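This report concerns only the one structure given below.
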Amino acid sequence: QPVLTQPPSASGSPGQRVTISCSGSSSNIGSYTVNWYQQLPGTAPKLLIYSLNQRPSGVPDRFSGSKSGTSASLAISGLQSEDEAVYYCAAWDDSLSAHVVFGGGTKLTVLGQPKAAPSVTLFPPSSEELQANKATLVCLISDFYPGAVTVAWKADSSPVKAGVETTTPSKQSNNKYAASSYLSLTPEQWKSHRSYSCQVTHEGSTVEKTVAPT
Amino acid sequence: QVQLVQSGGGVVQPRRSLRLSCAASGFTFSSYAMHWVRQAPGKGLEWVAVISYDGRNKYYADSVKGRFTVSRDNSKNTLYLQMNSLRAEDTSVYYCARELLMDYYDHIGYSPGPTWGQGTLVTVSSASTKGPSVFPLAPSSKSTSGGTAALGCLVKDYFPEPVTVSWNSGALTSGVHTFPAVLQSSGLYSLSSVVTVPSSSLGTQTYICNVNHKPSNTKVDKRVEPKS
C-alpha cells in the first residue's frame, strides 16, 4: 500500500481502447476518490481525472475514470499518438500515517512502428578488473520497442538482486530504446559459480545471455 | 495567469540543508491547501507534504518526518519546503501543487489538483570530481554472431557527468553505441560503449576507445583486443 499498484507499461495502436488499472486497499481507494495524472517527458504532471470521473477543461473526453471496490481504472477510448505518456493514479490514504499515495506509474506507448525485440550483449568481468579485486558483469540492451523491459539476473539458476543497477530505458536516435544493467560481484563470487545470466523480458518474451569464468 | 514557480534547487551534500520556495500568482493562494511532490530521475511521483490554507495543519511522507518542514506565508503568496538533514535519496525534482478544492471534506482528504509548478531539481551527493577507470570489454565467440563481433569499454566510477567516448579517434563511428550512464549507490557513475565490427577485422584492425572526462581533465586511450 505504500504504492497503489499499476502495471509498469501498456500499449495500444491508434484507435484502440486501453485501460490502466490501479489497485489499493480499503483505507485509500476504498474510502477516498482517485485522481489521475498524465506526464510527458521533462514536464510536470497534469491533472487528467479528478473525483474519480471528472475532467478538467483541456482534457479530451476520450479519457474516463471508474472505481470498483479497492481498484480504480483509467480508460482511454480511441488512442491518439499524443496520449503516449506516463499515467499515475493517486488517492488519500487514512491509515496510521495518513498521506497521499501514488501509483507507480504506467508508461503507455501508442504504437507507431513495429515491435522490436531487444538485442542483448553480456560481458563478463575483465581480467584487469578482477586484479583490482572487483567484478562487474555488463548487460547491454538495445534496439527495443516499445521502451519497457524488466531485467533479472541469475547465478547459476538462482535469482540475484543484490548489487544490481539498471538504467531506465532511454530513446535512441532511431526511436527504439536502450538500457543497461550492471551486476557487481566479488571475484570470489564470480569464480564460485558455474555461470551468471542476464534475462531481459520484453512484451512477454525473454532474451537471456550467459557468461562463465575463464 | 494561474501559476506556481519553484526556486531554490541546487547541488548539496547530505547532512546539510536546502530551502525551496514556490511563488503563486493568479489565484487566491491563501484559500488553498498546498502540496509538495517529488520525482527521482527516471522514477515515479512521490508525495512529500501538504499544508492547510492557514498553516495550522501539516502532513508528511514518513521518510521526511523529522527532517523536512512545510510552511507558507500567505502575505507573500509563497510556499516553502525547508529540507534539513538531507540524504542522498532526497535527490529529486520537487514540484509544488495546489490542492484540488478550496475547502476540506471527509470523502476527499487531500490530493494534488490542477495547478503544478515546473519543478526544481535538488541533487544531494557527497561525491567529488573523480576520473574513470577504464576496462576493456573483449570481443569473444559469445559476442559474435553473423560475421559481426561486439567489443567495448567499461567506463567505471567517475563523477560528475559527462564522459565522452570515441573509437579510434573518430575513425570508427558505424556500429558505435555509447549507453547512458548508471548512477551507482556509491554516488559514482559508470557507462559502457560498445562497437559492432566485422569479425574479419579483429586480427588486422586495432580498436582503441578514447575516453574523455572533462570535469577531471582526464583522458584515457585503451586498446581493446581478444583475450589470452
Side-chain angles (χ1 to χ4, degrees), chain A residues 3-23 34-50 53-66 72-90 102-119 141-151 166-180 200-205, chain B residues 37 39-46 93 95 97 112 114 116 118-119 179-180:
Chain A
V3 182
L4 300 172
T5 302
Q6 295 182 240
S9 69
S11 68
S13 303
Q16 291 179 345
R17 192 165 169 273
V18 62
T19 58
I20 296 172
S21 61
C22 171
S23 184
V34 178
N35 290 354
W36 294 85
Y37 312 81
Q38 181 189 55
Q39 192 174 208
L40 301 173
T43 64
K46 164 188 190 182
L47 184 65
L48 188 76
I49 295 287
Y50 65 94
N53 53 28
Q54 306 290 122
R55 285 174 290 101
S57 57
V59 173
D61 66 9
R62 60 175 177 286
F63 288 97
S64 60
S66 66
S73 177
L74 177 72
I76 307 170
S77 298
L79 281 174
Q80 301 180 4
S81 60
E82 63 269 26
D83 303 334
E84 176 152 331
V86 181
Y87 296 86
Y88 295 93
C89 58
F102 281 96
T106 300
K107 179 184 171 61
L108 176 64
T109 299
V110 179
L111 301 170
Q113 61 178 282
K115 183 175 72 170
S119 176
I141 313 165
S142 60
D143 280 339
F144 58 95
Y145 182 87
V149 292
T150 61
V151 180
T166 303
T167 63
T168 57
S170 58
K171 274 186 191 171
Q172 304 168 170
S173 56
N174 64 2
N175 290 332
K176 298 180 183 184
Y177 286 76
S180 55
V200 184
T201 300
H202 178 256
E203 304 291 307
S205 291
Chain B
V37 175
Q39 184 170 221
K43 306 297 188 182
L45 302 177
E46 181 179 50
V93 172
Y95 299 100
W116 288 65
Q118 294 61 53
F179 285 69

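Below, chains carry the letters A, B, ... as their sequence lines are ordered, and counting in each starts from 1.
- A distance of 11.0 Å separates NZ of A:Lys107 from OH of A:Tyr87, quoted to the nearest 0.5 Å.
- Between the side chain of A:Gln6 and the main chain of A:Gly105, a donor-acceptor pair closer than 3.5 Å is present.
- Considering all non-hydrogen atoms of both residues, A:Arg62 and A:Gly78 come closest at CD-O, 3.3 Å.
- A:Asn35 and B:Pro112 get closest at one heavy-atom pair: ND2-O, 3.4 Å.
- A:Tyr177 places no side-chain N or O within donor-acceptor distance of the main-chain N or O of A:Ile141, the cut-off being under 3.5 Å.
- The side-chain heavy atoms of A:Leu48 and A:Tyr37, taken from C-beta on, include no pair separated by under 4.5 Å.
- For the residue pair B:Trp116 and A:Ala44, the shortest heavy atom distance occurs at CB-CB, 4.3 Å.
- To the nearest 0.5 Å, atom CD of residue B:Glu46 and atom OH of residue B:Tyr95 are 13.5 Å apart.
- Here the CG atom belonging to A:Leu74 is positioned 9.0 Å from the OG1 atom belonging to A:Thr106, to the nearest 0.5 angstrom.
- Between B:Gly42 and A:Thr168, the closest heavy-atom pair is O-CG2, 3.4 Å.
- Put simply, CG on A:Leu79 and CG on A:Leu111 are 8.5 Å apart, with the number rounded to the nearest 0.5 Å.
- Rounded to the nearest 0.5 angstrom, A:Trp36 CH2 and A:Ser73 OG are separated by 6.5 Å.
- Residues A:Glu203 and A:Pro146 form a side-chain contact, since some pair of their non-hydrogen atoms from C-beta on lies under 4.5 Å apart.
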What donor-acceptor contacts under 3.5 angstrom involve side-chain atoms of residues 8-18 of chain A, with partners at least two apart or in another chain?
unit_1	atom_1	unit_2	atom_2	d
A:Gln16	OE1	A:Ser13	N	2.9

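- Put simply, the side chain of A:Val59 does not reach to within 4.5 Å of the side chain of A:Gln38, judged on heavy atoms.
- Minimum heavy-atom separation, A:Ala178 to B:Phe179: CB-CE2, 4.0 Å.
- Atom OG1 in A:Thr109 sits 4.5 Å away from atom CD in A:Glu84 (nearest 0.5 Å).
- By the 4.5 Å heavy-atom criterion applied to side chains, A:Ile49 and A:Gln54 are not counted as neighbours.
- Looking at residues two or more places apart in sequence or on another chain, you find a side chain to side chain donor-acceptor pair (under 3.5 Å) between B:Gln39 and A:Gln39, A:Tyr88.
- Annotation: side chain of A:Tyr50 is not in contact with side chain of B:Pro114 (no heavy-atom distance under 4.5 Å).
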**OP:** Let me see the working for A:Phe144 and A:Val149 under side chain to side chain contact (heavy atoms under 4.5 Å, CB included), right down to the final yes or no.
**Re:** CA-CA 9 Å; A:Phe144 58 95; A:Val149 292; 3.7 Å; yes

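- The side chain to side chain donor-acceptor pair (under 3.5 Å) search around A:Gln80 returns none, not counting sequence neighbours.
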**OP:** Starting from the C-alpha separation in whole Å, work towards a yes-or-no answer on side chain to side chain contact (heavy atoms under 4.5 Å, CB included) for A:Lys46 and A:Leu40.
**Re:** CA-CA 9 Å; A:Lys46 164 188 190 182; A:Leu40 301 173; over 6 Å; no

